């Protein structure tokens, strides 16, 4: 992209390399939300995603991660404080690869996010969409296979490294 930043996650399965997933972050349309995810991916504020887990993976739906504070699916924090408001609902959950914010209701964005593996249109207007997988959707499909119906993963899926691409 000439305008939108690209970040990457190197995914691991019980510490073994699985592959790299890269994301286009839609700073052109969702700047505050995209900047949060960018900065948490570089770690430049002194905290962020590196080392954290995809704790909830449900085949047919999504891979959810991003809790680097409680490390158990309940936590998270943004670069703006513990939570920030829903920025806009311009973009919708149109299919696999969509990157969107997890939340606990209105205006509770922190750091948790999910990657859709199917269209999830019932989340439109409730979760802020701010990016999409650029490369490595096959790695996301591989992660999805470690999930289960209640989200528990059969092996521990982590962000072994992450950062911003030039």
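Positions refer to the first chain, counted from 1.
Undergrad: Per the PDB record, is the mean Cα temperature factor higher over 132 to 140 or over 111 to 119?
TA: Result: 132 to 140.
Undergrad: When you compare the CA B-factors of 127, 38, 56, 29 as listed in the entry, which one comes out on top?
TA: The record points to 29.
Undergrad: When the CA B-factors of 33, 103, 42, 69 are compared as recorded in the entry, which is the largest?
TA: It is 42.
Undergrad: Where does the C-alpha B-factor of residue 13 rank in its chain, lowest, middle or highest third?
TA: Highest third of the chain for residue 13's C-alpha B-factor.
Undergrad: According to the PDB entry, is the CA B factor of residue 7 in the bottom, middle or top third of its chain, that is, lowest, middle or highest?
TA: Middle third - that is where residue 7 ends up once the chain's C-alpha B-factors are sorted.
Undergrad: Going by the CA temperature factor in the PDB record, which third of the chain does residue 65 belong to: lowest, middle or highest?
TA: Lowest third of the chain for residue 65's C-alpha B-factor.
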